[PDB]
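Chains as they are written, first to last, in the entry's author numbering: chain 0, 76 to 118, 141 to 150; chain t, 20 to 203; chain u, 20 to 203; chain v, 20 to 203; chain s, 20 to 203; chain X, 171 to 391; chain W, 171 to 392; chain V, 171 to 392.
The structure under discussion appears below in the form of structure tokens.
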């Protein structure tokens, strides 16, 4: 809801949207193991976690 | 002729006599067949020998190993119960190899145990070692830290020289003369 | 000739005798075969001996360890019972290893039990140790508090020198002379 | 010659005699084999011995511990029962280790029990400890309260010094002389 | 003729006699058929013989290997327990090949154990070896550490010269003359 | 027989003094030998009367009389290093007594101690008593705070002390109470937990502690 | 039944001195031989009375007598290398006793020890006491922090020392306490977690500034 | 029933010297033969009095007496290659004892050794004691660091040494302590890993360690 997202750098607005998703990601990093998550990053990211979950 | 302990084991009675002979009192070891040995002491020495039984906590408990809490005959073996029976045998083989060095009479090694690294998503951590040794006297026991540290540093995958703690000391003065019988 | 206790154990009778001989009263260890030992004191020395039985809570109950509440013969074994059965063998092996240092007569070590933190998704908290020791007298026991901290600092995963508390003391004055029989 | 209590055991009878002997009345412990002990007093001291027994609520009931309410012989064991059987063996080992200090005659440790933190995903609260002790007289019992705090601080996960309360006290005056038989 | 040890076997009694004869006391090896061996010493040499038993930790335990914790008759064989027997037969074969060199009397080789490298997503770490040795007196033992460091390198996948640690030493002065009888 | 034969074998740890009121006095030096000698007289294998005295509980008995019949008296300790001529340690800068009433105080103490023959009264300065207590507390490198007032001085030892300093403190207070006693200078050892283990803070005149990136703590001066 | 026959076989680890109060003194050397000699006089296989002395406990007993009749006195140790003629090491720069009131102290110390014949008092310097404690601490390459004050000196060894510096420091302090004693100079070996072994700095605008020695230490992230 | 025949068959490892206090001293060479000969007298197959001496325990026994009656002395070692004429290696550039008052030291050292006939005190140089230690530490190619201070030098050998260098430093130090003692020069072997292992730092008078690409640390000047 905080509309203070607009800034000068293209990645500075990009890190802010990641901060919105770490609230969901902290649920998802809690239950999944440490074996598929880096296995699905060399071949944390969000998309590596759902099939491990 | 006052008995004070009975039913002991062979290695327990050799630890009781060598404690009493250090304090100028002599004891008699009497076998009883199936019911173990028994130690008797003289009547003027009974008051001192009970006080040294209380102080030194004799008779000694059998020495415990980590592989005794997880017997191999169990039907279900966890990864925790396999990792603990592995480290509890590396810990005995390393302290059995430390006794064949030049000057060591006894030693005791402790490997840090890791259990909670396998089941959850936490990565494992660096392993720590610790050692103890008793050297024959007349030896320069300050220069022999680097030989034990060098021997221990390459017996695991990744240890540093400040994660190994070696505490060693020289042995006590030797006891060679007899106690002597208490005359009256 | 008056009976105080009966049905004791071999290791339980030498503690009652070692306590009563400190307060100048004699005792007699009478065996009864299957019924156990028995301790008799004199009739003038019955009022003081009952008072020291009440004060010192004699005979001592057997010493408790955590591995007795979770026996290994169970059909199911939670990881809570496997970590408690593991930590209860580490704190017994460490206190048997503390008795081989130079000058130590007895010791006792406690580990901080953290059992549900590694199960839950929250990270496990730090581990704390604590130790007691009884030193042979004549020793400068202010310098030896750094050797015990160096020995058991590197025996676990990541402990600091602020999470280790060693409280040690020198032993009591020796009791060597006989008590003496009440003359009437 | 009149009896006032029968069927008592050994530890109960040894705490009834030690109560009556400090109030200048003499009791007699009579064995009865299978039926247990029995305690008889003289005839003029019977009105006072009944009064003292009622005030002290003799005979004393056996000590109750938390590990007895949840036996290990159950077929299913909840995690509330495994933590209740764990904390009740920790508070027994800490009080068996407090008696090995210098000057302590008795001790009693209490731990705060937390049972609802493990069933759900709430974080646990801090853990609180409380100790009692009885010291030998002639000891400076004002400076003995910092060693029990330092020993108790890092025997758990994370406590402060405001969650540990040690209340200790010197022992009572010694009773050493015989009561005295009533003339008639 | 006071006995001090009995019920031993063939390889333990030949060690106790070889240690006691080095310190100028003589022993007597008595066979007892199915009950093993026994060792008796003279009565003047009994006090010193108990002291060297307590000092040298006799009788020796049999040497342990890692392959005994995971026996072949265990028909459930984990992949965690198959590499432990593959490691434990390599370190048992490299030290049987080290004894056939020129001048080596005894040796011991330790290998780093990695068992969970197949189940996690991480690559395995390097291999760390370590070896002790004992040479004959009169050998140039400084230039013979490069044959062990060259032989140990390409006996595995990929180790470096800073991951191998060789701590070797010479043997003691030989004991050839007789201890001699205690003349009385 | 004699009293020294009903005691233990070693005739060195007990001193038997003849009294003046037809009684015998045994002078132990700690609690274990006091309980060793009281069991002899308590079980009753001796005809006449005897008593067991000590160092601590004899200094406690003649201070109950001396805080009733002579209040406002400034003293430290009564030393019994030799029991036939004890030394009475009075203060110098806090008493108003002349030559006569010190001898009168000596005559009223000789009647309280029948096993003694004379009582030697010396006067000690209150400056050296608080100087040796500060120099010994500075040599052990302990954190302390001195609080002066009239007729006493107190030292406060606070902070998050480790396990080495609480043994060095106990070995100093126990070696100092044996000499001077707790009548003048008092030690107050209290240990607290530390706030600033992982926090960042500004010290000096305007001090504060940042308990979080968004949390300031202004302690009171 | 002589006393030299009631001891062990080797009659060279004990030494029996005749007393003046008709009592024989046995001068042992350590605590292990002290209980070896107290057991003979405790079982009671000897006719007359005897006492066992020791270097460590006659110096603990004589300071209890000395700090009651001679307070504020500066001394170091009593040496018993020849027990019939001990040496009393007095401090020269910290007391102003005369010759006559040093001979009264030498006669009242003689009457306290009935086995001695004449106690010889030698005045040791006070600068070489703290000079050999610093020069012997620089030779082992140990980190230290000398703190001088009036009537004493203290050396503090903090930091996360490893196992060789702990062993050399403990091996040196035990060899210094035997010769001089801990009345004047005191050592303070203590372990805590900081990789800077005792010293600490603060950084602003000119480089680094050596801070004052204090009790608070900065924990080391490393 | 003589002592030289009551021992083993080879009549060359022990040597029996007559004393002056009616005792017989046996001089062993090392610790194993010392415990070989102390067992004979301890089991008690000999009537008269005897004692077993060594070289290390006799070099420590009269360095304890020489710490009580002759403090602040600078000496190295007492060699007992011929036990009837020992040699007392005194320092030359650190003592101030004259010719006449060096005679009473030899006449008091003769009384502590009843087997010796006369002690020969000779003066060894001081820069030749520290010159051979460095010229022997350079032939083994060991990285060292010399710390000169008043009344003793110190050689510190640190770093991550390999396995050959520990063997060579163990063979040279044990052959130098044998012939020079440990009073003047002391070696400090110290095996440790690289300080600030995987960290990048900016050394010299204004230092900072980089724990991370976005992290600075300002301890003591590295």
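Every residue gets a Cβ at the ideal spot worked out from N, C-alpha and C, and that includes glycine.
Within its chain, find whatever has a CB closer than 7 Å to the CB of residue 55 (chain v); leave out the 5 residues flanking it on each side and keep chain order.
Here residue 55 (chain v) is taken as the residue at index 36 of the fourth chain, counted from 1. So the qualifying residues of the chain are 26, 27 and 28.
Do the segment 99 to 115 of chain v and the segment 123 to 143 of chain u touch if we need at least three Cβ pairs shorter than 8 Å?
Remark: three or more beta-carbon pairs, one from each stretch, lie closer than 8 Å, so the segment 99 to 115 of chain v and the segment 123 to 143 of chain u are flagged as touching.
If you follow the alpha helix (DSSP H) that residue 65 (chain v) is part of, which residue opens it and which one closes it?
One-based indexing of the fourth chain puts residue 65 (chain v) at position 46. Note, residue 65 (chain v): alpha helix (DSSP H), 65 to 75.
Quick one: grab the DSSP three-state call for residue 132 (chain v).
Against the fourth chain, residue 132 (chain v) aligns to sequence position 113. Three-state DSSP puts residue 132 (chain v) in coil, outside helix and strand.
Can you tell me which of 350 (chain W), 344 (chain W), 359 (chain W) and 197 (chain W) puts its alpha carbon nearest to the alpha carbon of residue 316 (chain W)?
The residue you call residue 316 (chain W) lines up with position 146 of the seventh chain. Among 350 (chain W), 344 (chain W), 359 (chain W) and 197 (chain W), the Cα nearest to that of residue 316 (chain W) belongs to 359 (chain W).
Look up residue 259 (chain X) in the DSSP assignment and give the residues it is bridged to.
As a working mapping, residue 259 (chain X) is identified with position 89 in the sixth chain. DSSP output for residue 259 (chain X) lists 247 (chain X) and 292 (chain X) as bridge partner(s).
Measure the Cβ-Cβ separation of residue 220 (chain V) and residue 207 (chain V) and say whether it is below 7 Å.
The count along the eighth chain starts at 1 and reaches residue 220 (chain V) at position 50. The count along the eighth chain starts at 1 and reaches residue 207 (chain V) at position 37. Contact: no.
Going along the chain, which residues of its own chain have a beta-carbon closer than 7 Å to the beta-carbon of residue 32 (chain v), five neighbours each way excluded?
One-based indexing of the fourth chain puts residue 32 (chain v) at position 13. Answer for residue 32 (chain v): 48, 56 and 58, listed in chain order.
Any C-beta of chain W within less than 8 Å: which residues of the segment 298 to 315 of chain X qualify?
Listed by position, the residues of the segment 298 to 315 of chain X near chain W (Cβ gap below 8 Å) are 298, 302, 305, 308, 309, 310, 311 and 313.
What residues are listed by DSSP as bridge partners for residue 50 (chain s)?
Indexing the fifth chain from 1 puts residue 50 (chain s) at position 31. Looking at the DSSP assignment, residue 50 (chain s) forms a beta bridge with 56 (chain s).
Where does residue 189 (chain u) sit, in a helix, a strand or coil, going by DSSP?
Here residue 189 (chain u) corresponds to residue number 170 of the third chain, with the count starting at 1. Strand at residue 189 (chain u).
Taking residue 165 (chain v) as the reference, which of 154 (chain v), 66 (chain v), 133 (chain v) and 180 (chain v) has the closest Cα?
For the purposes of this step, residue 165 (chain v) is taken as the residue at position 146 of the fourth chain. For residue 165 (chain v), the nearest C-alpha among the options comes from 180 (chain v).
To the nearest angstrom, how far is the alpha carbon of residue 266 (chain V) from that of residue 177 (chain X)?
Reading the eighth chain from its first residue, position 96 is the one you call residue 266 (chain V). Reading the sixth chain from its first residue, position 7 is the one you call residue 177 (chain X). The straight-line gap from Cα to Cα measures roughly 59 Å.
Which of helix, strand or coil DSSP assigns to residue 124 (chain s):
In the fifth chain, the residue the question calls residue 124 (chain s) occupies position 105. The answer is strand: DSSP assigns residue 124 (chain s) an E or B state.
Quick one: any contact between the segment 323 to 332 of chain X and the segment 267 to 287 of chain W, if contact means 3 or more CB pairs under 8 Å?
They do not touch, by the three-pair rule.
Residue(s) in a DSSP beta bridge with residue 27 (chain t)
Residue mapping note: residue 27 (chain t) aligns to position 8 of the second chain, counting from 1. Bridge partners of residue 27 (chain t): 56 (chain t).
Assumed close pair residue 131 (chain u), residue 116 (chain v) - CB separation to whole angstroms, cut-off 8 Å:
Taking the first residue of the third chain as 1, we reach residue 131 (chain u) at position 112. Taking the first residue of the fourth chain as 1, we reach residue 116 (chain v) at position 97. About 14 Å separates the two Cβ atoms, so there is no contact after all.
Tell me whether residue 55 (chain v), by its Cβ, gets closer than 6 Å to a heavy atom of the ligand NAP.
Only the bare structure without any ligand can be found here, which leaves the ligand NAP out of the picture.
Taking residue 334 (chain W) as the query, report the chain t residues whose CB atoms sit under 7 Å from its CB, ordered along the chain.
If you number the seventh chain from 1, residue 334 (chain W) lands on position 164. Under the 7 Å cutoff, chain t gives 161 and 164.
If you reduce the DSSP assignment to three classes, tell me which class residue 170 (chain u) lands in.
On the third chain, position 151 is the one that residue 170 (chain u) refers to. Correct three-state label for residue 170 (chain u): helix.
If you draw a straight line from the C-alpha of residue 147 (chain u) to the C-alpha of residue 75 (chain t), how long is it?
Along the third chain, read from residue 1 onward, the residue named residue 147 (chain u) stands at position 128. Along the second chain, read from residue 1 onward, the residue named residue 75 (chain t) stands at position 56. In this structure, the straight-line span from the alpha carbon of residue 147 (chain u) to that of residue 75 (chain t) is close to 28 Å.
Against residue 157 (chain s), what residues of chain V qualify as contacts under a CB-to-CB distance less than 9 Å, listed in chain order?
Taking the fifth chain and counting its residues from 1, the one referred to as residue 157 (chain s) is at position 138. Under the 9 Å cutoff, chain V gives no residues; its nearest Cβ is about 15 Å from residue 157 (chain s).
Neighbour list for residue 144 (chain t) in chain u, Cβ cutoff strictly below 9 Å
Reading the second chain from its first residue, position 125 is the one you call residue 144 (chain t). Residues of chain u with a Cβ closer than 9 Å to the Cβ of residue 144 (chain t) are, in chain order, 176 and 177.
Paired residues, beta bridge with residue 194 (chain W) - DSSP:
Position 24 of the seventh chain, counted from the start, is the residue given in the question as residue 194 (chain W). The bridge partners DSSP lists for residue 194 (chain W) are 188 (chain W) and 220 (chain W).
Under 8 Å between beta-carbons, which chain V residues line up against residue 199 (chain W)? List them in chain order, please.
Walking along the seventh chain from the start, residue 199 (chain W) turns up at place 29. In chain order: nothing, as chain V lies at least about 11 Å away.
CB-CB under 8 Å to residue 198 (chain u), same chain, minus the five flanking residues each way: which ones, in chain order?
For the purposes of this step, residue 198 (chain u) is taken as the residue at position 179 of the third chain. These residues qualify, in order along the chain: 40, 43, 44 and 45.
My assumption, with CB atoms under 8 Å, is that residue 183 (chain u) sits in contact with residue 171 (chain u). Please give the rounded CB distance.
Here residue 183 (chain u) corresponds to residue number 164 of the third chain, with the count starting at 1. Here residue 171 (chain u) corresponds to residue number 152 of the third chain, with the count starting at 1. Residue 171 (chain u) and residue 183 (chain u) do touch by the CB rule: their CB atoms are close to 7 Å apart, below 8 Å.
Whose C-alpha, out of 340 (chain X), 282 (chain X) and 302 (chain X), is nearest the C-alpha of residue 353 (chain W)?
Position 183 of the seventh chain, counted from the first residue, corresponds to residue 353 (chain W). Nearest in C-alpha terms to residue 353 (chain W), of all of 340 (chain X), 282 (chain X) and 302 (chain X), is 302 (chain X).
On the CB-based measure, 16 or more other CB atoms within 10 Å of its CB, does residue 162 (chain u) come out buried or exposed?
For the purposes of this step, residue 162 (chain u) is identified with residue 143 of the third chain, where counting begins at 1. Residue 162 (chain u) counts as buried, since at least 16 other C-beta atoms from the protein chains shown sit within 10 angstroms of its C-beta.
Measure from the alpha carbon of residue 283 (chain X) to the alpha carbon of each residue in 329 (chain X), 300 (chain X), 305 (chain X) and 223 (chain X), then state which is nearest.
Indexing the sixth chain from 1 puts residue 283 (chain X) at position 113. Ranked by how close their Cα comes to the Cα of residue 283 (chain X), the residues 329 (chain X), 300 (chain X), 305 (chain X) and 223 (chain X) have 223 (chain X) in first place.
Taking Cβ positions, are residue 259 (chain W) and residue 247 (chain W) nearer each other than 7 Å?
Residue mapping note: residue 259 (chain W) aligns to position 89 of the seventh chain, counting from 1. Residue mapping note: residue 247 (chain W) aligns to position 77 of the seventh chain, counting from 1. It is a contact, given that the beta carbons lie within the stated cut-off.
Secondary structure of residue 109 (chain v), DSSP reduced to three states:
Along the fourth chain, read from residue 1 onward, the residue named residue 109 (chain v) stands at position 90. Helix at residue 109 (chain v).
At the level of alpha carbons, what is the spacing between residue 331 (chain W) and residue 38 (chain u)?
Residue 331 (chain W) sits at position 161 when you count from the first residue of the seventh chain. Residue 38 (chain u) sits at position 19 when you count from the first residue of the third chain. One C-alpha to the other measures close to 43 Å.
To the nearest angstrom, how far is it from the Cα of residue 190 (chain W) to the Cα of residue 119 (chain t)?
Along the seventh chain, one-based indexing puts residue 190 (chain W) at 20. Along the second chain, one-based indexing puts residue 119 (chain t) at 100. About 56 Å.
Is residue 66 (chain t) buried or exposed, if buried means 16 or more other CB atoms sit within 10 Å of its CB?
Sequence index remark: in the second chain, residue 66 (chain t) carries index 47 (1-based). The residue is buried, with at least 16 neighbouring Cβ atoms inside 10 Å.
Residues that residue 395 (chain W) bridges to, as DSSP identifies them:
Since the first residue shown for chain W is 171 and the last is 392, residue 395 (chain W) is missing from the structure and cannot be characterised.
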